[PDB]
Structure formats: C-alpha cells, structure tokens
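Working notes, structure below.
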Amino acid sequence: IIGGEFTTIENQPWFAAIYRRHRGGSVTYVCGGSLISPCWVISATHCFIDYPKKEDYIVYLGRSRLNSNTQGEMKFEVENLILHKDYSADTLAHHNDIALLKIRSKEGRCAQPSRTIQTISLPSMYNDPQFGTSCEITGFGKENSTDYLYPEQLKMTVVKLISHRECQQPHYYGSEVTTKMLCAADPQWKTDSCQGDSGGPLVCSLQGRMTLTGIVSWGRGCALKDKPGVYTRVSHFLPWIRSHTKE
Ligand SMILES: CC(C)Oc1cccc(NC(=O)c2cc(Cl)c(OCCN)c(Cl)c2)c1
C-alpha cells in the first residue's frame, strides 16, 4: 500500500496473510486474502498459478505483522487450493483473477471467530457500490514502487471506485479493463495498492454492511496518474464461489 496508514488486524479482522514454504525451510510472504467463512479464504489466482501445490502454503488469520507473531493469531494449512480454470494474464490485465483456499489447522479445524478473526460478507449479484464510493484496501504490499521489501506492519488505505467508462478511457486502460473488473484510485494519485497487496480485499460499506467488493488484482505501477488499481469484481463470481465452496 502506497500512502495510507499502518493498521492492526482488529481493524481488518477478515484479512488473511498468505505465505509459501521453500525447500530449505524459508517462508516468504505471497499475497493477502479475505476470510469469507470459517473454512474459506478468497484470494487471486495469479498469486498461486506458478506454484499450484497446496502443501506449500501457510495461511495466518489474526495477524498484524509480517514476520512476527500477533496475540490471538491462528495458523492454517491449505486443505484445498482452487484456482479459476479460466485465469489468464495479458500484458497488463489479469482475467478471472480469483481463487479459494480451504483452510484447516493442524488439528483439522476451520477458523474460530474472535475479536481479531471475523468473516467479511460477500456482495450480492450485480449490486456494487456506485462510482465515487469510498472503499478500503488492506495489505502488506510495497509502500513505494522502488522498495524491494514489504512493510513489517499491516497497512490500509481508502480509495474511490472509478466508473467502467472512465477506466476504459485511452489514457487509463482502454479496452484492457473489462466489466468483470473494478477500478479504484485516489483522485490525487497519492495512495494505491502495490506489489504484495494482490489477493487482499477491497471492502465497501454497502447498505450498512462491510462487503468484499473486490480483490486486489493488477494495475500499471503504483499510484501513477491515470492508472487506477484494478480489482476482480467479486459480485460477478458468485456462481463460481458458490459452486466451489461445496463438495
Ligand atoms: C504473486 C507472485 C507469486 O507472482 C505474481 C505473478 C503475476 C503478477 C503479480 N502481480 C504483482 O506483482 C503486482 C504488482 C503490482 Cl505493482 C501491483 O499493483 C498494481 C496496482 N497499483 C499489483 Cl496489484 C500486483 C505477481
């Protein structure tokens, strides 16, 4: 996250921190995710597509720091890693950038809700906030494009939804951004998602409910003029989510 503020998990309790273990035993951060029910975290396919082996992954809930422990945090492995069969990546745009991780503790349990671990509601079909709506994003992504390391402390920021019409302007993304995606940015281009924020939530308050409106997906640079953050439009994937969150 460029700009914005440091935060802590109690303020973003649906946020899931996703890591990958390497031969040699070192663990690196991969992407954010969001707890949509106790057994299920939702994230972005591009985070996993090159290493689609569920055993490699570690998910933390209730965690506020990258490389140290948080009181009340809970560790999970991935019981099922589900990637969207139609995922693809063009030069800029990622399509069907959505994934599901079925989580389970070493004892075989799903998440236990607490003060720092809570589900976020899914949106309903084709009911997204209007353009100009302010929403929040959270993540451990870069604070500056020139950084090579991630911040140690979770960040959040607030961005405004951009219309599909504006996002498709020539100096924005033209036809590369589709109706299955949402653009959001800061009107002064001072705050944005960035590398490492992928998979994390874009949360909008809709009819008095915190809703998972988007998932961090792609963009051109970070907080660049006329280049919004692009988000998977979760409301368009309700059938896919519903079908994969079963048996
Ligand atoms: C996730 C990792 C294992 O591999 C990746 C594979 C393909 C694409 C990505 N994406 C990014 O690194 C990424 C970078 C930036 Cl700067 C970014 O911010 C754009 C919005 N300002 C985003 Cl959203 C993703 C990673």
Side-chain angles (χ1 to χ4, degrees), residues 1-4 15-22 26-34 41-59 66 78 81 83-84 86-101 135-151 155-162 167 171-173 176-178 180-203 212-234:
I1 293 181
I2 315 302
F15 182 74
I18 311 172
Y19 302 75
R20 185 173 48 103
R21 28 175 85 104
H22 301 82
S26 63
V27 169
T28 57
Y29 186 79
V30 173
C31 279
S34 302
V41 165
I42 196 173
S43 186
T45 287
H46 85 249
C47 293
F48 312 108
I49 189 82
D50 290 345
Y51 299 88
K53 182 184 177 187
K54 72 191 208 282
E55 291 71 37
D56 284 346
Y57 296 92
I58 295 167
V59 178
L66 225 210
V78 177
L81 177 59
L83 308 189
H84 194 297
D86 302 318
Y87 170 75
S88 72
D90 279 282
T91 320
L92 238 33
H94 297 239
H95 311 274
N96 301 300
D97 204 3
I98 190 172
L100 287 163
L101 286 65
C135 302
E136 60 168 352
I137 56 176
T138 313
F140 279 116
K142 290 182 182 188
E143 300 200 68
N144 307 104
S145 299
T146 58
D147 293 347
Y148 61 97
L149 299 177
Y150 298 147
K155 293 187 70 176
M156 65 84 61
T157 197
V158 169
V159 288
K160 295 198 182 180
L161 265 19
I162 286 174
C167 218
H171 293 268
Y172 280 64
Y173 292 122
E176 305 166 71
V177 67
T178 75
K180 281 166 57 191
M181 308 163 193
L182 288 183
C183 295
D186 175 53
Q188 297 296 303
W189 311 98
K190 294 201 163 313
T191 185
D192 198 2
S193 63
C194 202
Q195 190 173 358
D197 289 317
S198 297
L202 170 81
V203 166
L212 186 65
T213 295
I215 297 167
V216 180
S217 182
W218 65 274
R220 167 71 273 277
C222 305
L224 298 190
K225 187 182 189 195
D226 295 339
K227 296 304 162 180
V230 193
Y231 302 76
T232 296
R233 181 179 201 171
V234 170

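All values below come from the heavy atoms of this structure, side chains included, with hydrogens, waters and symmetry mates left out. Counting starts at 1 for both ligands and their atoms, in listed order. Nothing fancy with the numbering, it's 1 onward along the sequence.
Contact annotation: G221 has at least one heavy atom less than 4.0 Å from an atom of ligand 1. The shortest separation from a heavy atom of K142 to ligand 1 is not under 4.0 Å, leaving the residue out of contact.
Among protein heavy atoms, the minimum distance from atom 22 (C) of ligand 1 is reached at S198 OG, 3.7 Å. Looking only at heavy atoms of the protein, atom 20 (C) of ligand 1 is closest to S193 OG, 3.3 Å. Closest to atom 17 (C) of ligand 1 among all protein heavy atoms lies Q195 N, 3.5 Å. What sits closest to atom 5 (C) of ligand 1 on the protein, heavy atoms only, is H46 CD2, 3.6 Å. The nearest protein atom to atom 3 (C) of ligand 1, hydrogens excluded, is given as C47 O, 3.7 Å; this is a heavy-atom distance.
Looking at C222 next to ligand 1, no N or O pair under 3.5 Å apart turns up. Considering backbone and side-chain N/O atoms, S217 never comes within less than 3.5 Å of an N/O atom of ligand 1.
Comparing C194, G219, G200 against atom 18 (O) of ligand 1, the shortest heavy-atom distance belongs to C194.
The aromatic rings of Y150 and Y29 lie perpendicular to each other, with more than 60° between the two planes, well past the 30° mark.
Counting heavy atoms closer than 4.0 Å to ligand 1, residue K227 contributes nothing at all. At a heavy-atom cutoff of 4.0 Å, ligand 1 is contacted by the backbone of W218 but not by its side chain. Looking at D197 against ligand 1, nothing comes within 4.0 Å, counting heavy atoms.
Other residues, nucleotides and ligands contribute only 12 or fewer heavy atoms inside 6.0 Å of the NE2 atom of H171. At most 12 non-hydrogen atoms from other residues, nucleotides or ligands lie less than 6.0 angstrom from CD of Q188.
The shortest non-hydrogen separation linking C194 to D197 is N-OD2, 2.7 Å.
Annotation: the span from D97 atom CG to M181 atom CE amounts to 8.5 Å, rounded to 0.5 Å. Taken from SG in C222 to CG in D192, the straight-line distance is 6.0 Å, to the nearest 0.5 Å.
The closest side-chain heavy-atom distance from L161 to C135 is below 4.5 Å.
Checked against the 6.0 Å centroid criterion, the rings of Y57 and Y19 do not qualify as a close aromatic pair.
Of all the atoms in ligand 1, the ones that sit under 4.0 Å from a non-hydrogen atom of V216 are 23 (Cl).
If you check the side chains of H95 and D86, you find no donor sitting under 3.5 Å from an acceptor.
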